[PDB]
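Inspection log for the structure reproduced underneath, given as structure tokens.
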Amino acid sequence: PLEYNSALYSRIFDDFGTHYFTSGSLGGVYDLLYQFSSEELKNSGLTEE
Amino acid sequence: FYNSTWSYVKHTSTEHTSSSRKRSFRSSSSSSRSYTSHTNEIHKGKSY
């Protein structure tokens, strides 16, 4: 609408957002996490009478 | 994962011996006894 209406204008930002890119770099992003745990127990008894 | 192993050995040995000799007449009596109790246990658990 030519007349101001806050809802219908706000739809613009909903659909298209507020800003556009004037400069940018495009690329790839690699993210890795590796986590390891080991627990080891040994026991050996002898009793003789 | 966890991998769990247990081993267990139990041994018991018992002996009894008795002998008697009398002379007067002459007599003898004797007895022997031997014993063992033994147990083995092995128990294991594995989760993945």
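Identifiers in this document derive from the order of the structure tokens: chains are assigned A, B, ..., residues are numbered from 1 separately in each chain, and ligands are numbered from 1 in order of occurrence.
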
Considering only C-alpha atoms, give me a table of residues in chain A that are at most 12 Å from chain B, with the closest atom pair and distance in Å for each, as CSV.
```
residue,atom,partner,partner_atom,distance
A:36,CA,B:1,CA,11.8
A:37,CA,B:1,CA,10.4
A:38,CA,B:2,CA,9.7
A:39,CA,B:2,CA,9.1
A:40,CA,B:3,CA,9.6
A:41,CA,B:4,CA,9.4
A:42,CA,B:5,CA,9.5
A:43,CA,B:6,CA,9.2
A:44,CA,B:7,CA,8.8
A:45,CA,B:8,CA,9.2
A:46,CA,B:9,CA,9.3
A:47,CA,B:10,CA,9.6
A:48,CA,B:11,CA,9.0
A:49,CA,B:12,CA,9.2
```

Alpha helix (DSSP H) call set, DSSP backbone run, chain A, as an MDAnalysis selection string:
chainID A and resid 6:16

For the selection you just gave me, I'd like the residues written to a file as a PDB file, in the first residue's frame, keeping N, CA and C atoms.
```pdb
ATOM      1  N   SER A   6       2.096  -0.767   9.159  1.00  0.00           N
ATOM      2  CA  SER A   6       3.255  -1.427   9.755  1.00  0.00           C
ATOM      3  C   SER A   6       3.293  -2.922   9.458  1.00  0.00           C
ATOM      4  N   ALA A   7       2.140  -3.588   9.495  1.00  0.00           N
ATOM      5  CA  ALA A   7       2.095  -5.019   9.205  1.00  0.00           C
ATOM      6  C   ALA A   7       2.570  -5.336   7.793  1.00  0.00           C
ATOM      7  N   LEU A   8       1.977  -4.697   6.788  1.00  0.00           N
ATOM      8  CA  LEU A   8       2.242  -5.113   5.417  1.00  0.00           C
ATOM      9  C   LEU A   8       3.680  -4.814   5.009  1.00  0.00           C
ATOM     10  N   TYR A   9       4.228  -3.686   5.457  1.00  0.00           N
ATOM     11  CA  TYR A   9       5.659  -3.435   5.302  1.00  0.00           C
ATOM     12  C   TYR A   9       6.515  -4.449   6.055  1.00  0.00           C
ATOM     13  N   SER A  10       6.151  -4.782   7.295  1.00  0.00           N
ATOM     14  CA  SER A  10       6.931  -5.768   8.040  1.00  0.00           C
ATOM     15  C   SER A  10       7.001  -7.103   7.308  1.00  0.00           C
ATOM     16  N   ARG A  11       5.923  -7.487   6.626  1.00  0.00           N
ATOM     17  CA  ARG A  11       6.000  -8.669   5.771  1.00  0.00           C
ATOM     18  C   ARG A  11       7.208  -8.614   4.843  1.00  0.00           C
ATOM     19  N   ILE A  12       7.555  -7.428   4.339  1.00  0.00           N
ATOM     20  CA  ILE A  12       8.733  -7.317   3.480  1.00  0.00           C
ATOM     21  C   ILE A  12       9.966  -7.869   4.181  1.00  0.00           C
ATOM     22  N   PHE A  13      10.211  -7.450   5.420  1.00  0.00           N
ATOM     23  CA  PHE A  13      11.373  -7.958   6.145  1.00  0.00           C
ATOM     24  C   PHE A  13      11.251  -9.445   6.453  1.00  0.00           C
ATOM     25  N   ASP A  14      10.054  -9.909   6.808  1.00  0.00           N
ATOM     26  CA  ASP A  14       9.827 -11.351   6.927  1.00  0.00           C
ATOM     27  C   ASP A  14      10.278 -12.110   5.681  1.00  0.00           C
ATOM     28  N   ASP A  15       9.819 -11.683   4.509  1.00  0.00           N
ATOM     29  CA  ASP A  15      10.051 -12.424   3.272  1.00  0.00           C
ATOM     30  C   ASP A  15      11.473 -12.250   2.745  1.00  0.00           C
ATOM     31  N   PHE A  16      11.979 -11.022   2.731  1.00  0.00           N
ATOM     32  CA  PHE A  16      13.243 -10.678   2.095  1.00  0.00           C
ATOM     33  C   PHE A  16      14.335 -10.299   3.084  1.00  0.00           C
TER      34      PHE A  16
END
```

What is the distance between atom CA of residue B:45 and atom CA of residue A:35, in Å to one decimal?
24.6 Å

At what distance in Å, to one decimal, does atom CA of residue A:21 lie from atom CA of residue A:4?
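A separation of 26.6 Å between them.
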
Atomic separation - atom CA of residue B:36 relative to atom CA of residue B:17, Å:
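Atom CA of residue B:36 lies 15.0 Å from atom CA of residue B:17.
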